[PDB]
Amino acid sequence: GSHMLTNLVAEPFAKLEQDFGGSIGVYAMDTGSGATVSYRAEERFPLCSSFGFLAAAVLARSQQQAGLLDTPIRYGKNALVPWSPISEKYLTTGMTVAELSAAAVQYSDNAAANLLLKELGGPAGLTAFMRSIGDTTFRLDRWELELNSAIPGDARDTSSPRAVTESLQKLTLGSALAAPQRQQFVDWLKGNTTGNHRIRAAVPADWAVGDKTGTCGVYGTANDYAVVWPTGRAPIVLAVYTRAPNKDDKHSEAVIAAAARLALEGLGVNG
Ligand SMILES: CC(C)(C)OC(=O)N[C@@]1(C(=O)Nc2nnn[nH]2)CN(C(=O)c2cccc(C(F)(F)F)c2)c2ccccc21
């Protein structure tokens with residue numbers, strides 16, 4: 001018992017990560033049942049772009065400092081880093097802190113994320129925020145885009161699927177954020193545009209989904225974490241993280257979607 005759901009899907013998960021050629025880490029909790037499914041859920045995986053939590057940290061700080069979200073941020077061309085499809089459209093005008101947050105969550109805007117990182121004190125500030133809500137696993141160490149190196153055995157810029165899921169639940173469903181900020185965090189995740197082929201591809205069409213993706217681009221390392229609401233039922237929080245032994249190994253969005261389905265199938269809902 002207790003771990004019965006985990007062992008329900010243990011063999012299919014191992015088969016899926018064998019076909020993938022790497023490791024798959026999954027954690028998922030049914031916030032109604034308390035039921036959990038675990039597969040490599042306590043192992044470290046590169047966060048890549050999934051380091052969503054930056055936007056939550058910004059929302060938490062805005063509770064202490066009035067007008068933070070509306071503050072305009074002006075930046076030069078040197079602040080632009082590759083793959084900033086939003087912030088490069090506003091180089092000559094600037095953006096507000098909330099707009100930088102929405103761009104970081106919904107488009108993985110790299111220049112927006114680095115600007116918000118400096119606002120909070122760098123990677124140590126974001127790590128400090130995660131400690132304040134009880135996450136002792138998360139660590140951010142570098143900036144975009146150095147945090148994507150995803151080196152085997154390197155604990156820098158990693159966390160675990162379980163801690164990610166536990167942190168996501170405190171921020172979206174618990175009381176780590178005040179009620180207006182919690183709903184705002186939820187709204188930013190709901191409007192994400194990069195996760196259509198991952199967790200979203202694994203849920204029924206009528207489910208509401210908020211997610212944040214990550215893609216390091218090397219070592220077959222990609223991920224996705226989400227809160228999903230079955231129609232009329234308690235929400236589910238889940239995190240799917242992958243990695244692979246070789247730098248040239250390619251990630252698979254299908255593998256992430258397939259792992260999310262297995263986790264949902266183990267919990268008791270249809271995947
Ligand atoms: C369009 C493209 C697919 C290039 O993605 C990006 O535009 N930029 C990234 C991204 O979307 N971030 C993300 N994605 N999901 N969530 N956040 C994606 N990326 C990659 O290195 C990447 C993505 C796909 C394939 C490859 C490969 F050919 F090398 F394998 C590398 C990256 C790295 C660091 C920072 C940001 C990114």
Side-chain angles (χ1 to χ4, degrees), residues 25 27 41 43-61 81-87 97 100-151 154-172 176-177 185-186 188-189 191-195 198-199 210-219 221-227 237-243 251 256:
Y27 195 79
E43 185 167 8
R44 290 197 169 265
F45 289 79
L47 286 154
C48 317
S49 325
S50 68
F51 88 93
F53 299 116
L54 174 74
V58 165
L59 284 165
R61 182 80 71 78
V81 282
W83 301 288
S84 308
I86 302 289
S87 45
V97 167
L100 289 175
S101 302
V105 166
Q106 306 179 329
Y107 293 86
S108 274
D109 193 286
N110 282 320
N114 277 349
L115 286 168
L116 301 172
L117 271 174
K118 187 213 140 122
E119 284 293 317
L120 265 281
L126 180 48
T127 310
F129 167 73
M130 301 296 284
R131 299 284 180 277
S132 69
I133 71 177
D135 191 325
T136 52
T137 310
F138 181 100
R139 61 180 286 190
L140 199 63
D141 298 79
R142 295 163 301 173
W143 311 62
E144 290 286 2
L145 291 84
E146 282 75 33
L147 54 88
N148 296 281
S149 69
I151 292 156
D154 186 0
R156 283 182 304 176
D157 312 294
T158 65
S159 174
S160 61
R162 162 154 190 160
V164 166
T165 297
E166 283 165 344
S167 275
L168 187 60
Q169 194 248 58
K170 296 168 182 178
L171 294 164
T172 58
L177 293 174
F185 187 39
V186 165
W188 282 338
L189 297 164
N192 177 38
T193 71
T194 66
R198 290 173 196 198
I199 287 173
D211 85 288
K212 179 70 198 86
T213 59
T215 315
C216 279
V218 290
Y219 289 103
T221 300
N223 52 69
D224 199 22
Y225 59 70
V227 182
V237 196
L238 71 154
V240 180
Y241 280 69
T242 82
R243 74 157 330 277
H251 73 278
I256 287 167

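In what follows, residues are counted from 1 in the order of the sequence shown.
Under the rule for a salt bridge (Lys or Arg N to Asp or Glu O under 4.0 Å), the partners of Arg162 that lie at least two apart in sequence or sit in another chain are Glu42, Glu166.
Of the possible polar contacts, none joining the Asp157 side chain to the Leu47 backbone as a donor-acceptor pair under 3.5 Å is found. The main-chain N or O of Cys48 is never found under 3.5 Å from a side-chain atom of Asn148 such that the two would form a donor-acceptor pair. Although no hydrogens or angles enter the test, the distance criterion places no donor-acceptor pair under 3.5 Å between the side chain of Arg61 and the main chain of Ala56.
For the side-chain hydrogen bond (donor to acceptor under 3.5 Å, both in side chains) condition, the pairs that include at least one residue of residues 103-113, sequence neighbours left out, are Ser87-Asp109, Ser108-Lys212.
Residues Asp211 and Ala226 come closest through the heavy atom pair CB-CB, 3.6 Å. Of all heavy-atom pairs spanning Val81 and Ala111, the tightest one is CG2-N, 3.5 Å. The nearest pair of heavy atoms linking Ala176 to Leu171 is CB-CD2, 3.8 Å. Across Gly52 and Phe185, no two heavy atoms sit closer than the pair O-CE1, 3.2 Å.
Rounding to the nearest 0.5 Å places CZ of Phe51 at 5.0 Å from CG of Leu147. If you take CG on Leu189 and CG on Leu168, they are separated by 6.5 Å, rounding to the nearest 0.5 Å. One finds the CG atom of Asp135 at 6.0 Å from the CD1 atom of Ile133 (value rounded to the nearest 0.5 Å). Distance check, rounded to the nearest 0.5 Å: OG of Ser49 to CG of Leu54 gives 12.0 Å.
Side-chain contact check for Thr165 versus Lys170: every heavy-atom pair is 4.5 Å or farther apart. The closest side-chain heavy-atom distance from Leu145 to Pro82 is below 4.5 Å. Between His251 and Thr221, the closest side-chain pair of non-hydrogen atoms is not below 4.5 Å.
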Working for side-chain contact (heavy atoms from CB on, under 4.5 Å), residues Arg44 and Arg139: CA-CA 10 Å; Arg44 290 197 169 265; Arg139 61 180 286 190; 3.9 Å; yes

Test log, rule side-chain contact (heavy atoms from CB on, under 4.5 Å), inputs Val164 and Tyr241: CA-CA 10 Å; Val164 166; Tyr241 280 69; 3.6 Å; yes

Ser149/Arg142 under side-chain contact (heavy atoms from CB on, under 4.5 Å): CA gap, chis, key distance, verdict: CA-CA 10 Å; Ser149 69; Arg142 295 163 301 173; 3.1 Å; yes

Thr242 vs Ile256, side-chain contact (heavy atoms from CB on, under 4.5 Å): CA-CA, chis, key distance, verdict: CA-CA 8 Å; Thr242 82; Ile256 287 167; 3.8 Å; yes

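Checked by atom type, the side-chain pair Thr158/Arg243 shows no donor-acceptor distance below 3.5 Å. No side-chain N or O of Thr213 forms a donor-acceptor pair with one of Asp224 less than 3.5 Å apart.
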Under 3.5 Å, which donor-acceptor pairs link side chains of residues 112-130 to any protein atom two or more places apart or in another chain?
{"from": "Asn114", "atom 1": "OD1", "to": "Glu144", "atom 2": "N", "distance (Å)": "3.1"}
{"from": "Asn114", "atom 1": "ND2", "to": "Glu144", "atom 2": "O", "distance (Å)": "2.9"}
{"from": "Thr127", "atom 1": "OG1", "to": "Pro123", "atom 2": "O", "distance (Å)": "2.7"}
{"from": "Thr127", "atom 1": "OG1", "to": "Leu140", "atom 2": "N", "distance (Å)": "3.0"}
{"from": "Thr127", "atom 1": "OG1", "to": "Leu140", "atom 2": "O", "distance (Å)": "3.2"}

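A centroid separation of less than 6.0 Å is found between the aromatic rings of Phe53 and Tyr225.
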